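Protein chains in written order, with the authors' numbering: chain G, 564 to 611; chain F, 27 to 69, 80 to 143, 165 to 172, 186 to 245, 263 to 319; chain X, 320 to 563; chain V, 369 to 416; chain Z, 1 to 113; chain A, 1 to 105. Just so it is clear, CB atoms sit at the ideal spot from N, CA and C, and this is done for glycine as well. The next block holds one structure in the form of structure tokens; read it before the comments.
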Ligand SMILES: *[C@@H]1O[C@H](CO)[C@@H](O[C@@H]2O[C@H](CO)[C@@H](O)[C@H](O)[C@H]2NC(C)=O)[C@H](O)[C@H]1NC(C)=O
Ligand SMILES: *[C@@H]1O[C@H](CO)[C@@H](O)[C@H](O)[C@H]1NC(C)=O
Ligand SMILES: *[C@@H]1O[C@H](CO)[C@@H](O)[C@H](O)[C@H]1NC(C)=O
Ligand SMILES: *[C@@H]1O[C@H](CO)[C@@H](O)[C@H](O)[C@H]1NC(C)=O
Ligand SMILES: *[C@@H]1O[C@H](CO)[C@@H](O)[C@H](O)[C@H]1NC(C)=O
Ligand SMILES: *[C@@H]1O[C@H](CO)[C@@H](O)[C@H](O)[C@H]1NC(C)=O
Ligand SMILES: *[C@@H]1O[C@H](CO)[C@@H](O)[C@H](O)[C@H]1NC(C)=O
Ligand SMILES: *[C@@H]1O[C@H](CO)[C@@H](O)[C@H](O)[C@H]1NC(C)=O
């Protein structure tokens, strides 16, 4: 009925109505970096 | 349409005296460069949502706005705050007053009290039934459009009216450019000067540069690359 | 350097509140459409309550009954109820039951204290005291401290009962009964609740403690509206605004 | 929950507000009569 | 009409016993409650009262020997009997009903001793 | 609870001479019911909690009291003939009936 990962979190579940196994992948995420000159020069910035 | 409203809509989040300090607080603030509805009082008095608290500003020349009314149905079925400003005596009642079909101004109460060039800005919020009033008086000289500048509102009055406020209405005098903003649970850095008055603020969620300033707790950012947040 | 003497000052206002108007008065409200009362500008003088009271329960949250005099409370509200003792245990925060879902939701973040004593000699009635009324069904459960005064006939089926009684159609309101030889857990109780915030706010209701004169430029043990400490008190040029 | 006949509901396992959402693998009903003054005795760490 | 009526009132005898019955119509004894009150000659009234759905009993009395409620629960009548009631009591006996409130109706019967 | 009653003996010269009835009780009582009787024959008719009247009685009545003492006030017309009053308590058993005597002629 349940699967577990190395960290003991839930890996997969069996749907109680239709006996299939679904993997759970956390929703997309990632870092955001800001490249900017000093505010005494300009208010333009770039985003990485 | 958007304008360069800058830092309007900031009020004192609490009653603590501070000076020469940058304080980070989470409260209901007006989003920076957000939309504020522009109303006219010539020859536009809709009912607006209150959400969890509303910031108020108005510019007057003949004292058009003299009293606010808060409630839900405006039909005498519940208690409704009635404020009238006649002579120099403020009178406050919250009885179920019978109002006319179209209220206008000519040119069961539980708490009774009896006593453009100038904008008087106010904050009216209800927390667990408690009606908290903030205000600030300052001179300006601008009639055409939204005033440019910053002004923080101090609290003066606290009226125990006990009405859950979800909508509000204005009063127009028919023979007054008033302003309505809305608060959101944003995090702001408020700068207190040597006299304890906040003169500016940074909205930490306006844009990545504001995020950098908020993360680094300063209004000046040195040249370089900073890691500030995570996309989700 | 050690302090030599204490300096105690409180606002010079004294009048009876009185508490008797809140507690002692008669014929107070039913459980719904309860009432809120506000109290200001009076001496606390709890010692008369300590002596006089015979109340079968006191419980306080964030405060203790010792350390209760010499406190200044910024706002005071009092709420009064008629209740059945199972609800008296229900009135605690965090619980479940008809009361906590339907009537008088009370938040876990609270600083007051709640008092109950048993009124069976007065509230009960031979033949039942029907005037106490309570509400049994609602589509959702309320947030803390708000009332409802309503009637919209409850539908217990897919078809409407068209705003009138009929099949699967009930009036949401029903009457308690309390009698002689009542069930000791069932029988009626009267409950009073007080709510306040204890810090950083000009206050008006202060305890029965006499003030003294203040001496400057000396290490003293001071008490200003409950705030204590040791230090030298000097003049300043800080122009506080009226709410600070 | 709607029945008013119950005098007390003290739970040590799950919170009283979670019973509407949570569900269980098995339920056993242990049914017996005790003396009122012994109600306090049905708890871990108690004796008598 | 909703009615209380008095039936076989006690009549003079040398024997000190007395009997009286009261009869009810337009409501059932299972639906409301009826209360019984007595007056000595030249005095205020004296009371015996009980609240029930049916079959319940309550009493307080200065004397209770031979004394408990007597009832014919077919709706026909309620009955009273005492050995010495003629001398002790009951110049007049009264038959009365109570509800939740403001619905209280009284009947009067006269007992000869 | 035992209850105790006082009454005058009095001769009138007109209506509008105000009239008071009083009862005093041995211990706290919370609820009381208010009753009037005519002499000679004794039907019973009631004035109930909050001193609101039943059907079939004049409008001019008002009642308010204080602990261990109850009062209601009457001003005019037939009550001068018709009023004899009894006071009874309904908070706990036994329901004592009370006693007294009152007259006007
Ligand atoms: C806050 O005030 C609102 C406005 O009346 C209350 O919400 C209303 O509740 C009624 C009762 O179910 C609904 O029929 C209305 O539709 C609601 N109004 C709106 C605009 O949705 C609300 O109950 C109050 N809440 C508190 C905590 O006082
Ligand atoms: C309902 O549960 C049954 C039991 O196995 C299953 O066959 C069926 O797929 C479920 N219904 C749906 C819509 O999945
Ligand atoms: C940025 O401008 C400020 C203006 O006050 C100046 O003092 C500072 O030296 C400047 N820094 C750089 C790196 O140009
Ligand atoms: C703000 O108002 C302008 C008015 O033209 C409108 O176009 C814009 O969509 C509004 N902003 C948002 C976020 O809806
Ligand atoms: C304005 O004048 C009217 C005249 O009767 C008076 O009743 C009212 O109190 C005045 N307004 C205020 C706010 O006092
Ligand atoms: C005032 O409040 C009372 C509750 O004590 C209520 O019965 C009454 O209807 C209210 N009247 C008005 C005009 O609000
Ligand atoms: C602060 O108050 C002092 C008082 O005289 C004044 O001189 C000074 O200009 C004030 N500062 C500001 C920023 O207004
Ligand atoms: C309450 O009021 C009654 C009225 O007579 C009085 O006797 C009693 O002393 C009062 N109790 C308190 C605690 O004030």
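For chain Z, find out if any of its Cβ atoms is closer than 9 Å to the Cβ of residue i; answer yes or no.
i                     : result
residue 91 of chain A : no
residue 39 of chain A : no
For a quick check, are the C-beta atoms of residue i and residue j less than 9 Å apart?
i                      : j                      : result
residue 34 of chain A  : residue 444 of chain X : no
residue 578 of chain G : residue 586 of chain G : no
residue 432 of chain X : residue 512 of chain X : yes
residue 463 of chain X : residue 198 of chain F : yes
residue 238 of chain F : residue 90 of chain F  : yes
residue 22 of chain A  : residue 70 of chain A  : yes
residue 170 of chain F : residue 120 of chain F : no
residue 95 of chain F  : residue 264 of chain F : yes
residue 309 of chain F : residue 597 of chain G : no
residue 531 of chain X : residue 328 of chain X : yes
residue 6 of chain Z   : residue 99 of chain Z  : no
residue 79 of chain A  : residue 36 of chain A  : yes
residue 94 of chain A  : residue 49 of chain Z  : yes
residue 437 of chain X : residue 375 of chain X : yes
residue 18 of chain A  : residue 75 of chain A  : yes
residue 92 of chain F  : residue 194 of chain F : yes
Compute every distance between the C-beta of residue i and the non-hydrogen atoms of ligand 5, then say whether any falls below 8 Å.
i                      : result
residue 125 of chain F : yes
Return yes when the C-beta of residue i is under 8 Å from any heavy atom of ligand 4, and no when it is not.
i                      : result
residue 266 of chain F : no
residue 61 of chain F  : yes
Taking 9 Å as the threshold (beta carbon to beta carbon), is residue i in contact with chain X?
i                      : result
residue 30 of chain A  : yes
residue 114 of chain Z : Because chain Z is modelled from 1 through 113, residue 114 of chain Z falls outside the range shown and cannot be assessed.
residue 101 of chain Z : yes
residue 72 of chain A  : no
residue 448 of chain V : Shown here, chain V extends from 369 to 416; a query on residue 448 of chain V therefore has no answer.
residue 107 of chain F : no
residue 85 of chain F  : no
residue 95 of chain A  : yes
residue 69 of chain Z  : no
Taking 9 Å as the threshold (beta carbon to beta carbon), is residue i in contact with chain V?
i                      : result
residue 415 of chain X : yes
Considering just the uninterrupted stretch of the beta strand (DSSP E) at residue i, what are its terminal residues?
i                      : result
residue 225 of chain F : 224-229
residue 202 of chain F : 200-209
residue 215 of chain F : Counting along the chain, residue 215 of chain F falls outside any beta strand (DSSP E), and DSSP gives it neither H nor E.
residue 404 of chain X : Per DSSP, residue 404 of chain X belongs to no beta strand (DSSP E); it is in the alpha helix (DSSP H), 404-409.
residue 21 of chain Z  : 18-25
The alpha helix (DSSP H) spanning residue i covers which residue range?
i                      : result
residue 4 of chain Z   : First-last for residue 4 of chain Z: 3-7, but that is the beta strand (DSSP E), not the alpha helix (DSSP H).
residue 418 of chain X : 417-421
residue 96 of chain Z  : Where residue 96 of chain Z is concerned, there is no enclosing alpha helix (DSSP H), although the beta strand (DSSP E) it sits in stretches over 92-98.
residue 82 of chain A  : 79-82
residue 298 of chain F : 295-303
residue 85 of chain Z  : 85-88
Following a CB-centred definition, is residue i positioned closer than 8 Å to any heavy atom of ligand 6?
i                      : result
residue 132 of chain F : yes
Using a Cβ-Cβ distance cut-off of 9 Å, determine whether residue i contacts chain A.
i                      : result
residue 86 of chain Z  : no
residue 154 of chain Z : Since the first residue of chain Z shown is 1 and the last is 113, residue 154 of chain Z is not available in this structure.
residue 3 of chain Z   : no
Indicate, with yes or no, if ligand 3 has a heavy atom lying under 8 Å from the CB of residue i.
i                      : result
residue 310 of chain F : yes
Return yes when the C-beta of residue i is under 8 Å from any heavy atom of ligand 8, and no when it is not.
i                      : result
residue 238 of chain F : no
residue 440 of chain X : no
Could you check whether the Cβ of residue i sits closer than 9 Å to any Cβ belonging to chain F?
i                      : result
residue 348 of chain X : no
residue 457 of chain X : no
residue 598 of chain G : yes
Can you find a heavy atom of ligand 7 that lies under 8 Å from the Cβ of residue i?
i                      : result
residue 208 of chain F : no
Can you find a heavy atom of ligand 2 that lies under 8 Å from the Cβ of residue i?
i                      : result
residue 478 of chain X : no
residue 581 of chain G : yes
Any beta carbon of chain G sitting closer than 9 Å to that of residue i?
i                      : result
residue 284 of chain F : no
Examine ligand 1 and report whether any of its heavy atoms sits within less than 8 Å of the Cβ of residue i.
i                     : result
residue 22 of chain A : no
- Which ranges would you report for the beta strand (DSSP E) in the stretch 338-402 of chain X if only whole runs of at least 3 residues count? 355-358, 376-379
- Message: As an exercise, report each continuous alpha helix (DSSP H) stretch of at least 4 residues that is fully enclosed by the stretch 464-537 of chain X, in chain order.
- Response: none
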